[PDB]
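These notes concern the structure reproduced below.
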Amino acid sequence: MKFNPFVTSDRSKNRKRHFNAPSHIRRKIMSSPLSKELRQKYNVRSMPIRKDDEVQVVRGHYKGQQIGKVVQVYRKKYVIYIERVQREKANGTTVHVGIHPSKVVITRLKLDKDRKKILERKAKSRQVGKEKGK
Amino acid sequence: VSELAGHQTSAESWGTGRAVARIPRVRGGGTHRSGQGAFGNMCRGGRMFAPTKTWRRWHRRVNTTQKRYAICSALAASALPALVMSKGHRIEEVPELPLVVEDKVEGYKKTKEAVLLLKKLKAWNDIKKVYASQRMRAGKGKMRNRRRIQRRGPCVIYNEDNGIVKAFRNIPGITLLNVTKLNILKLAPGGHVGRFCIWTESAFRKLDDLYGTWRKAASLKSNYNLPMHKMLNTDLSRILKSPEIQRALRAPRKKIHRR
Amino acid sequence: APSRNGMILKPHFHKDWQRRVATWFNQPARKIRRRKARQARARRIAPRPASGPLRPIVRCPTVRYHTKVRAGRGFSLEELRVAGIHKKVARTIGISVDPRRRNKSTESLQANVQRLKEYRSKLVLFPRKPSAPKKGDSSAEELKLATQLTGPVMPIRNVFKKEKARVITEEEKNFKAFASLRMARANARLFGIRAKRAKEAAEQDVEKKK
RNA sequence: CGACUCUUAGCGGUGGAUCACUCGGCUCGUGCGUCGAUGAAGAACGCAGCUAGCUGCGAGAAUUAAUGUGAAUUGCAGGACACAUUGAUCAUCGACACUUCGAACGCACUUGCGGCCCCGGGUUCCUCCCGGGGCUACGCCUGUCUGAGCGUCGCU
RNA sequence: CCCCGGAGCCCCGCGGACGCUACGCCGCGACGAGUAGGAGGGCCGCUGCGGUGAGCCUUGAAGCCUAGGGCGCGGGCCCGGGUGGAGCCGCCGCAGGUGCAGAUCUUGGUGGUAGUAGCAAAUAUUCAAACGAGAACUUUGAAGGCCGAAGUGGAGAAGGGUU
RNA sequence: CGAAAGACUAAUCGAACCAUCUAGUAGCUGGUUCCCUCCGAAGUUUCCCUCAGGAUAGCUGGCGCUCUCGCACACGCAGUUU
RNA sequence: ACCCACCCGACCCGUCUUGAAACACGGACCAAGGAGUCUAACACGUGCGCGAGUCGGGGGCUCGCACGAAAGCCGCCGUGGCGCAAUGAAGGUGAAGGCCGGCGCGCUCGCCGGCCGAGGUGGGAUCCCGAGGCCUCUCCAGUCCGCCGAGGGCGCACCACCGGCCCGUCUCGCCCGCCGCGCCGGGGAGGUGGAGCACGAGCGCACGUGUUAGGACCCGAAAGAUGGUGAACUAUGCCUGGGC
RNA sequence: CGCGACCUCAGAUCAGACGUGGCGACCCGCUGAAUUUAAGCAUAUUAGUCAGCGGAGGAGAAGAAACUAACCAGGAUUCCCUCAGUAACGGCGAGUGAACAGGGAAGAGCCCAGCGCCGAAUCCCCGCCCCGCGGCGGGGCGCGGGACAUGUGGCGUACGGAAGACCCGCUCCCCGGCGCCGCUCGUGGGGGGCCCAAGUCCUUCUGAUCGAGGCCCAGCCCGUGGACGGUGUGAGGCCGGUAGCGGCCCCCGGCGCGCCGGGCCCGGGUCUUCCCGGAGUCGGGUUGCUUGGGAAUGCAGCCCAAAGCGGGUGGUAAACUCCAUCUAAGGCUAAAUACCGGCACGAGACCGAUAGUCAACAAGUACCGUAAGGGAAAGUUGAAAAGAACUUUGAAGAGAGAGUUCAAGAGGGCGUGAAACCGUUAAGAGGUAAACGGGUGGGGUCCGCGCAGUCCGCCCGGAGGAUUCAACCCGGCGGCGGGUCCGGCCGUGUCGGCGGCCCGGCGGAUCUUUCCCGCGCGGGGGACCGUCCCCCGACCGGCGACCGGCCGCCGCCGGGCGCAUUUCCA
Ligand SMILES: [Mg+2]
Ligand SMILES: [Mg+2]
Ligand SMILES: [Mg+2]
Ligand SMILES: [Mg+2]
Ligand SMILES: [Mg+2]
Ligand SMILES: [Mg+2]
Ligand SMILES: [Mg+2]
Ligand SMILES: [Mg+2]
Ligand SMILES: [Mg+2]
Ligand SMILES: [Mg+2]
Ligand SMILES: [Mg+2]
Ligand SMILES: [Mg+2]
Ligand SMILES: [Mg+2]
Ligand SMILES: [Mg+2]
Ligand SMILES: [Mg+2]
Ligand SMILES: [Mg+2]
Ligand SMILES: [Mg+2]
Ligand SMILES: [Mg+2]
Ligand SMILES: [Mg+2]
Ligand SMILES: [Mg+2]
Ligand SMILES: [Mg+2]
Ligand SMILES: [Mg+2]
Ligand SMILES: [Mg+2]
Ligand SMILES: [Mg+2]
Ligand SMILES: [Mg+2]
Ligand SMILES: [Mg+2]
Ligand SMILES: [Mg+2]
Ligand SMILES: [Mg+2]
Ligand SMILES: [Mg+2]
Ligand SMILES: [Mg+2]
Ligand SMILES: [Mg+2]
Ligand SMILES: [Mg+2]
Ligand SMILES: [Mg+2]
Ligand SMILES: [Mg+2]
Ligand SMILES: [Mg+2]
Ligand SMILES: [Mg+2]
Ligand SMILES: [Mg+2]
Ligand SMILES: [Mg+2]
Ligand SMILES: [Mg+2]
Ligand SMILES: [Mg+2]
Ligand SMILES: [Mg+2]
Ligand SMILES: [Mg+2]
Ligand SMILES: [Mg+2]
Ligand SMILES: [Mg+2]
Ligand SMILES: [Mg+2]
Ligand SMILES: [Mg+2]
Ligand SMILES: [Mg+2]
Ligand SMILES: [Mg+2]
Ligand SMILES: [Mg+2]
Ligand SMILES: [Mg+2]
Ligand SMILES: [Mg+2]
């Protein structure tokens, strides 16, 4: 259960805070888990996805083992566009079919200084939590 | 329902002399709601018959002796495994139904150790039944923060808080009750009196310091003795097959004399 | 229309009472708020008693009750003068002081003075500075207590004295109670009329001499 | 066999009832309990590359700066940034800014007519004209200045 | 002059249902109208809640249709087929905004009337050509007309606000 | 306000329109939503500014109690007769 | 169960009414909504707990409230409500006699020591004693399983009556006591009024019905009051123009 | 013929400040009806109510007695319960209707004028130096101004006060600046930001699992985390979060310590002498409103108009006489209290698009009225627009193909798509309007059989087969019933040790202060009574509250049991 009386835990209110969330909260909602090699290397469970991360599609009709780069992260519909995850229209043009990032695993990150300090902060928090649980 | 609901309109009724029938209708306007109808339970919009009030007698207070009597009956039917199986608790490997465990049960701080204790006490089939009975609620309660339902499991009675409340906390079905703070709504949920209960040693010894025997006072309460039976020997089969009654009974008349 | 043997009732529901219904759904939250304010006050005054200052021995007026002993508004100034405590020092000590109370008796005065002496005996007065000045208490009787007193300080127990069964004499057996009560009623009724008769009889005795 | 009329069933139309969903109400409870001449509430008018309404904003006009966060916005174009750089977007917002009416303040309410100083064009203060900047509401409080009185007095 | 772990019987005083949800089962006798009204039983129906069914469900929930099989005196209910796509029901108890045929009832929709009444105030239109897929109404040419300078003309005010 | 008609006062005038009290009151009309079973009426007495209505008796339903027993063995009661 | 055919019956539902198929009223059809609810005071009946007691109101102590604004507890466990005592306008008063013996003239009255201890009659469900009868494979004796028990009782509840007691009021008369001897206080007998006593029965919660006050089953007026908006129409006066 | 002071009154775009107005749920001061009821109505009632006007605050108001009471007297105000639907008011009709006391929540006390004593010892503004100067504060330097004797400041206010006399033990409060250590209970004060566990494992349906099965213990792990939401379905482990006395980085606040500049030489008791009280105010008459207040409860208007052992009150008007209780006509003050407005939140036995707010949606919007005002209707494609490319008829709207999707039998007002109504097809019928009830008959759409359905369930006889075992013994295990109650625990009714009573707590309206402690009281002791327990022995019910042996019986497992027994197919 929840014991904090400030946490919402309401049906319509949580749906409101989900579907009317601003962009910096949508970035945290649209986070995806990492592969087992990346989890062993960084001790990081999940990360928000970026413009040019490498992605395997886990569930859906477009399920496969192909590592596809993200085309772009569209945070209004809570979706991402990947390179080879596309589909031909009636007029022959290909449109990228969006996949929700919960059905998305990261195989390679695009590392900059902000992502390095985020992963170091999360690894430090995991180390403090493991020391408190030990 | 709010007092302003239905009477925010200013609808004076068209009287006699027109084809309308004596309904308070909206005065003037070039609107869809213009001479339409309000101020009645039969009208679209408007207010209903008997607006529900906040000053309804919502709450009920019971006599203290009746509450103590019902909670003593609930504690008495927490025994008697024919009343526990008819409640619906899987019991088939429970070694003794007044299940009294050590005082080291409050010393646990891990749900893994609590699950292991329930498995060694062989009461884990009730929690397994709760996992099997986790399904969706029927009706309009899903949009009213009442989405999921499950059964009630082994009610655990603890004396002191040393981690037992933190331990039997995410295991679905277990309700924790303090010894001096026993709840009728958790000892007999839904009005049905039987309930599978797991006691501790310092709870099973403190029940005698709560309610006593018939020849001793409550000793923690001010003025409360145990109630008396209306009849003591309820085995009326044994009573009627005893020779002291059948010596005085006569011969029956069971020859079916039909027409 | 009343019919077939009911009470002749008078309900007071002829005003606009539904606008003025005072629903009491606030009151368990109000008990929680009073509990939180009381605990915050008890944490504020940390060595002091949580209930408050000492209340005197006070007997009920209005001969209905006439035997119960209550807690008072404060100790009176004659009680403080006999106990030897100044009225502006007693408020700083923690003794309730009100200047309105009379003191017509002697036994209630002496009882409140004995309560003030017992309270001054059992009170531990902490010094202001860590460098202890005069009229203070020892560091042993600084370390030996750090807790409050849950409840009213020196609670007033309405206790009755235990009597001994007597060996009744013929004098008390020959006393008549109802006749004495009726004679007291008659004397209280006719005390002034007989005084008027004695006055006019003395006036006639003076007029006989004159 | 006809045409037409009635009933039933299959299918197709008018219609939106039932059912299931709900970023919405209603009620109860808790914490705070804060507007304004340093210009409130409200109203009018404008502001987007393509913009009608809602929402947001004020000629700095779909927002400015700072901080937090960290790769977008999006319906389509476009251009910035190298996201190895105070750095796109969002939130906080404590700095800046906030047209006109409005208690509404120069007088009235047509956006009409003014008065007093200063500056820039006109000019080299010498008066017009134009633009910009600061004042000009009522009642009242302390003090200052100017006063009035065949109101009360000293010298002549 | 014996026991019924068995005299063997229309009765077994030896334990004693197939018949026993004892709030159950069974056996006789009489009776059965009904408004206003009163009482009782609903394993009749709707909604939500506490328990309960190791309940049902994308290998198809609710809802809807049915020229199918039925049950109950009845309220209604259980299946069979089709549509549907996501929740639903039985039992023990609790609660209510709980059952419609009417109220010149409220809202919404649709019929007969009915392809009917009507498109009749101020005299009037006709021929040829252009455009177009399409001409009685548009345009152009010609003819005949009307308003007849207190006009069916040319311009303002109030009002409308882009017409 | 009316050279006067109770005329006009925004299609409203023998007292305009809008909002509130207000869901004003009505002994007066209309309507009042599932099944089965059992019992089942009155338009009469008296009073009331009572005559379209109430109260009170009467008629009615439900809840019961106190007793008797076709198990070898009945006190009382009638829209009845003598 | 869908349609058709035949024979007999068969006027369109609701309502006001003595009487409706009515030339009485509402009504084209269909879907949805739609009308006896909630609080308080009572009254009666029922379910439960305790019992001359009952109830915790309100408040306080425990858990930080998921479940909770739940539950548990209280030298507050009784401050207080109701009941346990009523009757008078009120000052006030306020519910027990009987049997035995003694002292005054037993004077149907006053005063002292023991007992029964809440009266009596009738009708009274149940219970006790219960003579005797019924037997067994045979006659007597005979503890026992029994059933029916003629007759007599203590008599539950309840009803009728006669008594007795308390308070208010009326009549006739006497007696007793003192810190203050009085316009003192108390007592007897007999009428009568009371919602009284006569070895308790109430309290608290819940359910059903009925009567109310509240919007009060739902829809409905002609009205009244308060505060505002209109002389763009029209009524009239004025100012400034126009026309015949 | 003027000047200088004071007093009254002006003018300023004078220097510096305040108020205007809005919201108005709660609060205060007024004003203030009528519906309604009384079965009419007129007092009454609705009702100090709706409407109207002004005023603030986070609460407001009230508030420390010109009090309640009549008692062994209580002691500010506010709020809850009770008093109590009572006392009382009322065409004494309908109806209205408090208060004291008591139990609680909270609890906080005070300042003036006057009386007086201190050399105005007091206060406001401007110039300069020092401190931070973003709720302009402190010290000093100014024959720098002003207010003020028509009275500022200190002592001092009804609880008495002041000045002397001279007993007592003696020395800590506040203001303006600066720096420093403890993160400062909801278990880190408040605010903000970023984070913190475990399966997308294998197989398998689906369009897609979040479905189902399994995973060396119900399943693999985490659980101080199995609330919720999203993700193509029902997700503890996919993600955000969730729990936590978990972490990390800034801002603000109250606390303690140290330093400087400052202000203050501020007490208690006895005795001597003085002082001490708010005027058009109380009160009286009259009038109106109000109240439960009734020979006038409160408030106002007029008239009269005070006194000081006085005055007010003591619920019936008045006179006389003893009492009892307060000190009016000046003022301040948190807490317990109320909140349908606003900001931030949480919860629901509430409603689910004719419901719930008028408003789930571009809602006080479109629209109507000159205006005050009135005031709607309107949710759903799909998982994702993948929203139908292209060919062909038509000018096009419209179609026919083709395509997408599991599905358009979901095609931009599109989730399911009822009834009324309409069209078409099939069937039946038709001149007493249609329709209905009872009884049948005929024709249809479907259901249940059936190339005979005679359905079997037991027992017995016969001819075909057959694996084992029952009958009977041996060994082991489990169960039922029970005797002299066999031995022990356990268990109730009585008796015995009154033994636990001090190697047991509680309660008492039974005594003792032969006792102790804190000062005639309270607690702890000491006896007494009541309530709950220890050891063996007997009897009655060994009582379903348990065992270990013994006997009778039953069931299960492994052998000896070879075939007239035993059981299965036809
Ligand atoms: Mg509504
Ligand atoms: Mg449903
Ligand atoms: Mg207190
Ligand atoms: Mg409801
Ligand atoms: Mg209908
Ligand atoms: Mg025609
Ligand atoms: Mg025409
Ligand atoms: Mg023109
Ligand atoms: Mg006339
Ligand atoms: Mg019948
Ligand atoms: Mg009538
Ligand atoms: Mg009639
Ligand atoms: Mg009739
Ligand atoms: Mg008639
Ligand atoms: Mg009829
Ligand atoms: Mg006729
Ligand atoms: Mg009629
Ligand atoms: Mg009609
Ligand atoms: Mg309906
Ligand atoms: Mg009644
Ligand atoms: Mg009852
Ligand atoms: Mg009472
Ligand atoms: Mg009504
Ligand atoms: Mg009613
Ligand atoms: Mg009306
Ligand atoms: Mg009138
Ligand atoms: Mg104001
Ligand atoms: Mg009336
Ligand atoms: Mg009337
Ligand atoms: Mg008002
Ligand atoms: Mg105040
Ligand atoms: Mg005062
Ligand atoms: Mg008081
Ligand atoms: Mg009143
Ligand atoms: Mg002075
Ligand atoms: Mg989900
Ligand atoms: Mg989930
Ligand atoms: Mg996670
Ligand atoms: Mg009045
Ligand atoms: Mg007097
Ligand atoms: Mg008097
Ligand atoms: Mg809708
Ligand atoms: Mg709908
Ligand atoms: Mg709506
Ligand atoms: Mg709709
Ligand atoms: Mg739809
Ligand atoms: Mg489909
Ligand atoms: Mg579809
Ligand atoms: Mg949908
Ligand atoms: Mg869907
Ligand atoms: Mg559709």
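Chains: A, B, ... in order of the structure tokens. Residues: from 1 per chain. Ligands: from 1, in order shown.
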For chain A, which residues have at least one atom within 9 Å of chain G, if we go by only C-alpha atoms (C1' of nucleotides)? Write them as a list in words, please. residues 1, 2, 3 and 4 of chain A
Could the residues in this selection be saved with C-alpha atoms as a CSV table (one decimal), in the first residue's frame?
chain,number,residue,atom,x,y,z
A,1,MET,CA,0.0,0.0,0.0
A,2,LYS,CA,0.9,3.7,0.1
A,3,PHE,CA,1.1,5.5,3.5
A,4,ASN,CA,1.9,9.0,2.4
Within 9 Å of ligand 30 (counting only C-alpha atoms (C1' of nucleotides) and all ligand atoms), which residues show up? I'd like them as a PyMOL selection string. chain H and resi 50-52
Output the selection as a PDB file, in the first residue's frame - N, CA, C and O atoms (P, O5', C5', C4', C3', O3' and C1' of nucleotides) for each residue.
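Wrote out_0.pdb, looks like this:
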ATOM      1  P     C H  50     -31.703  36.575   6.789  1.00  0.00           P
ATOM      2  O5'   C H  50     -32.529  36.632   5.427  1.00  0.00           O
ATOM      3  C5'   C H  50     -32.754  35.456   4.665  1.00  0.00           C
ATOM      4  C4'   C H  50     -33.613  35.732   3.457  1.00  0.00           C
ATOM      5  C3'   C H  50     -33.157  36.873   2.570  1.00  0.00           C
ATOM      6  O3'   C H  50     -32.083  36.531   1.711  1.00  0.00           O
ATOM      7  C1'   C H  50     -35.476  37.071   2.951  1.00  0.00           C
ATOM      8  P     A H  51     -30.843  37.539   1.538  1.00  0.00           P
ATOM      9  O5'   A H  51     -31.479  38.823   0.843  1.00  0.00           O
ATOM     10  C5'   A H  51     -31.993  38.759  -0.478  1.00  0.00           C
ATOM     11  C4'   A H  51     -32.839  39.964  -0.805  1.00  0.00           C
ATOM     12  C3'   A H  51     -32.149  41.310  -0.702  1.00  0.00           C
ATOM     13  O3'   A H  51     -31.307  41.609  -1.799  1.00  0.00           O
ATOM     14  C1'   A H  51     -34.224  41.443   0.380  1.00  0.00           C
ATOM     15  P     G H  52     -29.822  42.153  -1.526  1.00  0.00           P
ATOM     16  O5'   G H  52     -30.039  43.645  -1.017  1.00  0.00           O
ATOM     17  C5'   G H  52     -30.738  44.599  -1.801  1.00  0.00           C
ATOM     18  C4'   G H  52     -30.921  45.889  -1.045  1.00  0.00           C
ATOM     19  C3'   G H  52     -29.654  46.478  -0.453  1.00  0.00           C
ATOM     20  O3'   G H  52     -28.895  47.204  -1.402  1.00  0.00           O
ATOM     21  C1'   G H  52     -31.344  46.470   1.187  1.00  0.00           C
TER      22        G H  52
END
Neighbouring residues of segment 145-148 of chain E were defined as those with any atom within 9 Å, considering only C-alpha atoms (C1' of nucleotides); residues of the same chain fewer than 6 positions away were excluded. Please report them as a list in words.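 The residues satisfying every condition are residues 123, 124 and 125 of chain E.
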Next, dump the selected residues to file, keeping only C-alpha atoms (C1' of nucleotides), as a PDB file, in the first residue's frame.
ATOM      1  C1'   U E 123     -51.401  44.129 -66.703  1.00  0.00           C
ATOM      2  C1'   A E 124     -46.138  40.679 -69.820  1.00  0.00           C
ATOM      3  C1'   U E 125     -43.517  38.530 -71.926  1.00  0.00           C
TER       4        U E 125
END
Kindly work out which residues sit at most 9 Å from ligand 49, using only C-alpha atoms (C1' of nucleotides) and all ligand atoms, and give the list as a list in words.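 What falls inside 9 Å of ligand 49 is residues 20 and 21 of chain D; 380, 381 and 415 of chain H.
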Restricting the output to C-alpha atoms (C1' of nucleotides), write the selected residues as a PDB file, in the first residue's frame.
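Contents of result.pdb, as written:
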ATOM      1  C1'   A D  20     -19.016  -0.728 -21.356  1.00  0.00           C
ATOM      2  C1'   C D  21     -15.531   3.012 -20.834  1.00  0.00           C
TER       3        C D  21
ATOM      4  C1'   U H 380     -16.557   7.646 -27.872  1.00  0.00           C
ATOM      5  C1'   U H 381     -12.827   5.516 -35.684  1.00  0.00           C
ATOM      6  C1'   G H 415     -17.434   1.718 -29.945  1.00  0.00           C
TER       7        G H 415
END
Residues of chain A in alpha helix (DSSP H), written as a ChimeraX atom specification: /A:11-19,23-29,36-42,113-133
9 Å shell around ligand 36 using only C-alpha atoms (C1' of nucleotides) and all ligand atoms, listed as number ranges by chain: H: 210, 229-231, 233-235
Can I get the selected residues back with C-alpha atoms (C1' of nucleotides), as a PDB file, in the first residue's frame?
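This is the output file part_25.pdb:
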ATOM      1  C1'   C H 210      -0.837  -7.656 -19.272  1.00  0.00           C
ATOM      2  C1'   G H 229      -1.561   4.934 -13.587  1.00  0.00           C
ATOM      3  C1'   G H 230       0.420   4.107 -18.510  1.00  0.00           C
ATOM      4  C1'   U H 231       2.139   0.294 -21.983  1.00  0.00           C
ATOM      5  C1'   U H 233      -6.272  -7.401 -22.733  1.00  0.00           C
ATOM      6  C1'   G H 234      -6.569  -9.189 -16.310  1.00  0.00           C
ATOM      7  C1'   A H 235       1.058  -6.715 -15.018  1.00  0.00           C
TER       8        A H 235
END
Close residues to ligand 14 using only C-alpha atoms (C1' of nucleotides) and all ligand atoms, limit 9 Å, as a PyMOL selection string: chain G and resi 16-19+24
Save the residues we just selected, C-alpha atoms (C1' of nucleotides), as a PDB file, in the first residue's frame?
ATOM      1  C1'   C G  16     -64.318  11.105 -10.933  1.00  0.00           C
ATOM      2  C1'   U G  17     -68.572   8.420  -9.708  1.00  0.00           C
ATOM      3  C1'   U G  18     -74.538   5.183  -7.151  1.00  0.00           C
ATOM      4  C1'   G G  19     -73.618   4.049 -12.287  1.00  0.00           C
ATOM      5  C1'   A G  24     -67.547  12.349 -19.571  1.00  0.00           C
TER       6        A G  24
END
